Amino acid sequence: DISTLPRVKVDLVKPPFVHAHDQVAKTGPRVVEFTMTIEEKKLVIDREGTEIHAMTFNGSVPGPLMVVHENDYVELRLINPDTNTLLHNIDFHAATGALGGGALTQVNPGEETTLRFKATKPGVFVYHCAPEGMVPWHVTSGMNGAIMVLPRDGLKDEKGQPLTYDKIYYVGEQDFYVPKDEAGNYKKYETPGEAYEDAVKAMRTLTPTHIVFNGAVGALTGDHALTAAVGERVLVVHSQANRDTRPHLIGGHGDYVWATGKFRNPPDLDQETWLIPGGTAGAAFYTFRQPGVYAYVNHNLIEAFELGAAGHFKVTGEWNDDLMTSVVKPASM
Amino acid sequence: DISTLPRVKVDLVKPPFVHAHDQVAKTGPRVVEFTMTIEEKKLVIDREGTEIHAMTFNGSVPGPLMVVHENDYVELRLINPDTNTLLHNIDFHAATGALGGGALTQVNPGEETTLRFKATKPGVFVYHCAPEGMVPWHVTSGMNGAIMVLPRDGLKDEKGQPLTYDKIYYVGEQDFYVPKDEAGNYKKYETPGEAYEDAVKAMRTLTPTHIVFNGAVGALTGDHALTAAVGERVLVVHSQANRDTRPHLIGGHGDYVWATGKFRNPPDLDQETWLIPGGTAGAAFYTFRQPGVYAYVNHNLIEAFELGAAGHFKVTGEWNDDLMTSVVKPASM
Amino acid sequence: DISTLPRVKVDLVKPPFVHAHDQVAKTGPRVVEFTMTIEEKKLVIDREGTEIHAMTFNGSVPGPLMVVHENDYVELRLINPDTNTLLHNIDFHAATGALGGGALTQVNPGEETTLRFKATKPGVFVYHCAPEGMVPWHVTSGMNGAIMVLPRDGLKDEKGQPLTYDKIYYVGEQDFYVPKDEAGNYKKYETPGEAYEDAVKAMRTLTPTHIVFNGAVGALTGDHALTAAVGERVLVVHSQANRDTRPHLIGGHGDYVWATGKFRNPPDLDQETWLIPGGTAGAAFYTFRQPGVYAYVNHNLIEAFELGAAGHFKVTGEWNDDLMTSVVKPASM
Ligand SMILES: [Cu+2]
Ligand SMILES: [Cu+2]
Ligand SMILES: [Cu+2]
Ligand SMILES: [Cu+2]
Ligand SMILES: [Cu+2]
Ligand SMILES: [Cu+2]
């Protein structure tokens, strides 16, 4: 009987950060309460000033990472304010039935709804908008995020021993398909109803114009670079709701990787690069051993360095010359 | 000595259905006899009435699913009637030698051939046409299917315990590359010899115009939706002879998945989405827990909802509010 | 203390061959010394005579395969002769820190450098050039290879028993993006500075014009076909530094496959086709059971047979009719 269970309210944070949680469950099963507010907003996605009409959960691309434990109940209040123009809903890949919740959460502007589901399977999972007839347009306008369902006793390695992370980050990777005119410049749009047929044509090329982490080219760089220290254990959750990606930490590895994100399976070890299929979230665990700047990329390097799918880690600490050293620095012959 | 073995004749059925077989072998090894007749035919593949000249095994796209057990012999009589115009053959990925049988099965119109091979490796495998110089054109015109080689003691989970399916379906996913004129309309063709250079150009874009399940947009919907009941265990075999796909059951999971389809490996558990590489068959096992409509899609959602790679399950039975419920139905604020 | 360790000089060989090494380590840890010389050179990549300005390690596409054991040190002397025009460097995915060595190995024409790193993780790994701002252009001009870090006790199967190969080959698969004019003919270029913006535009299509093994259409055919004998155990290392591929041995299998190439993980068994993600090296082990010609392809068959990603094995020995036979040869009805 669910009314006898503790309720706990979570206050979400903006990606790439993740709200407070406990790896090993300190309580029995709970109803974990979340609220998200849908926001249709203009977003500038590149250095050139290209502006799209984004569709977001909670104002960000990606949507925030939700964290629960196996056999908790997730209760989501989903709000669509009357300042929006479109119908929206939510499909959780973590959930069982009704199109992942999609059939039960259709909200017009000015409406809200509350969905509850039991988190029966441990893993990282995609969530996304999926309104009938408009699914890829909403997803590829930014309306997707992820949920992590931890095992009650936390993460384990391939031998069943504990793995504990010191820091966690959520990297949402987004493919955008900005319509172009015949000369190749991006088109602008007044009403999404007028945008719609050009959006479809752009999608049908299967060729994204931009592929970004955290909603924009360069979003996870400079002052917004991810951070760690030598010796810290970092979990990076990565999602792609529509298109395959292949993350790689330049100068590191995925020590333990769940490429398709499901924690009942043993992790793959020592990965250089891993494939996260479109419609999937994955997770990689790494212990940093060297200080300095690392690039975290989709290792289609064109997608990374030309289309935007690259971020940075800045790592503090002590350089290890046993692991790597310049024996003779670059010099003339 | 093969002449001492029982022979059994199989009568094939049209996908997505699968011919009668036993999961656990009730006999010793057998010679299992199949017949297929090649048919070049016009097929309408979308709602707009786009018509292609398809190349088929047994009149369908995909070709039928053949089912044997490990260490059975497969004996295939392949017939190319003189009403066809092209040379064809067959490559079984399940087989060892002679280009999977391709080098031994070249049949002109008016010819037949009989190939035998031993099914030494358990799994689901692609078969396809592969005539020298014309391989991708035949494959991408529909001339591919799959074969399932069951272990003699049936399927097992990750702990070596039995997994028994109540129903099985075969979903063949087909990428088509229909030639387009400069304005973007599909071109029509008299003789495949006149079609050939435009077919090559269309393929070289690497951008399919249609991606369909069971030979057409909407083929696995309405009266032709897949069915199950709450509590039933369903195996879905999925093949893609040319191009990667990423199946997802919207509102469900892959409880046990062999993404690359080979049953000596343990299955991956609790998958949301899995990657089947082009040139591969995979298999996913799910026990339905909720009634209603489910969408089964390639989770590149553009490929699903715009290009055609989506089908439906209709599931009867009892709704489970513990797993999912609407707490507050969509309403104004 | 590294100065107390044995040093061993390796003399590299051109792909697809691999330099001499021992599967099981016959010594303790060593400093293994390699030299590579960068060469910018014109390469003809197809039957039509299309010529590109390639960028190579040691004169070949791919670069040579380097082979060490776990916990050896790799010491690479990298030479950029003053006959080249561009700045280059090297990122080893096998290495830990400084962008895989990229930050410590920037060499102008007329310079050299010597990098040392400890090979802490066993597997096959990509190496590639990665100069700041120019990464995909260098990689997709051919400047990539692979390194194999064997476990000290050699390869093991899924049960921990030894796997010993009799022959090893290295297949580097390269996506090229040759710029085209509006009519579709390939453009030619004087200075790479003048080529640069057209190279970027060609890459941004995400549609390679050529995909080749060992640097050219048909490179691994005829007199340069790979060879084996019935009963021989062959390891094929395959890399793709930028783009996903899906190798398949037509008429065979991958008996043991490390699709993402990391030997601490058990191999996948009996694969028909496997996915190597872009930015990854993989390895497949097969024992040949039948003589004749086999095609080794990327099983996107358009990529194979139209764009160039196909090679041949020629296998000598004894035909096994139990495994496969023509019962009735192709004939009229
Ligand atoms: Cu929406
Ligand atoms: Cu989905
Ligand atoms: Cu054919
Ligand atoms: Cu094939
Ligand atoms: Cu370079
Ligand atoms: Cu790299």
Side-chain angles (χ1 to χ4, degrees), chain A residues 13-18 41 43-48 50 52 54-65 124 126-128 139-146 148 167-178 208-228 234-252 254 257 259 261 273-284 286 293-315, chain C residues 99 135-136 204 206 277-279:
Chain A
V13 302
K14 187 183 176 341
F17 303 93
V18 179
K41 67 201 282 179
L43 274 199
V44 176
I45 61 173
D46 68 16
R47 309 302 194 187
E48 289 83 7
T50 308
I52 67 165
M55 301 176 201
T56 77
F57 292 108
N58 249 27
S60 58
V61 177
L65 191 69
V124 289
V126 167
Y127 66 77
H128 63 84
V139 178
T140 66
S141 299
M143 222 164 159
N144 62 87
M148 184 163 68
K167 309 188 82 174
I168 180 174
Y169 289 111
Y170 173 39
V171 178
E173 174 176 347
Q174 186 60 60
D175 48 323
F176 289 119
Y177 299 81
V178 182
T209 56
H210 302 74
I211 306 172
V212 302
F213 294 161
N214 213 49
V217 171
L220 299 178
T221 67
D223 293 325
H224 295 277
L226 310 179
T227 63
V234 182
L235 187 74
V236 181
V237 173
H238 192 134
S239 76
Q240 227 298 8
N242 191 64
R243 186 171 184 278
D244 305 334
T245 180
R246 60 215 53 78
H248 181 96
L249 183 63
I250 298 174
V257 184
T273 302
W274 45 103
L275 192 296
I276 304 182
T280 321
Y286 185 59
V293 177
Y294 292 68
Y296 180 74
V297 300
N298 169 337
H299 213 292
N300 181 313
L301 301 167
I302 302 160
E303 297 183 4
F305 291 108
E306 307 304 322
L307 301 191
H312 291 166
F313 271 89
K314 298 188 184 165
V315 183
Chain C
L99 308 173
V135 177
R204 286 171 78 94
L206 303 184

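Side chains are part of it too, since the values below use all heavy atoms of this structure and drop only hydrogens, waters and symmetry mates. Chain identifiers are assigned alphabetically (A, B, ...) following the order of the sequence lines, protein sequences preceding nucleic acid strands; residue numbering begins at 1 within each chain.
Considering only residues two or more places apart in sequence or on other chains, A/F176 meets the ring pair (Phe, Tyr, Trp, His ring centres under 6.0 Å) condition with none of them. In this structure, A/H312 has no side-chain hydrogen bond (donor to acceptor under 3.5 Å, both in side chains) partners at least two apart in sequence or on a different chain. Residues forming a side-chain hydrogen bond (donor to acceptor under 3.5 Å, both in side chains) with A/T221 (at least two apart in sequence, or on another chain): none. Evaluation of the ring pair (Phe, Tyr, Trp, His ring centres under 6.0 Å) rule for A/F305 yields no partner, not counting sequence neighbours. With sequence neighbours left out, the salt bridge (charged side-chain N to carboxylate O under 4.0 Å, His left out) criterion links A/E173 to no other residue. For the side-chain hydrogen bond (donor to acceptor under 3.5 Å, both in side chains) test, no residue two or more places apart in sequence or in another chain qualifies with A/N214. In this view, A/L307 and A/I211, C/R204, C/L206 satisfy the side chain to side chain contact (heavy atoms under 4.5 Å, CB included) rule, not counting sequence neighbours. Listed by chain and residue number, A/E39 satisfy the salt bridge (charged side-chain N to carboxylate O under 4.0 Å, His left out) test with A/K41 (two or more places apart in sequence, or in another chain). The salt bridge (charged side-chain N to carboxylate O under 4.0 Å, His left out) test applied to A/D244 returns B/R246, not counting sequence neighbours. Residues forming a ring pair (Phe, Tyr, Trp, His ring centres under 6.0 Å) with A/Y170 (at least two apart in sequence, or on another chain): none. Residues satisfying the side-chain hydrogen bond (donor to acceptor under 3.5 Å, both in side chains) criterion with A/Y296, sequence neighbours excluded, are A/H238.
Among residues at least two apart or in separate chains, side-chain hydrogen bond (donor to acceptor under 3.5 Å, both in side chains) pairs with a member in residues 273-284 of chain A are A/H248-A/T273.
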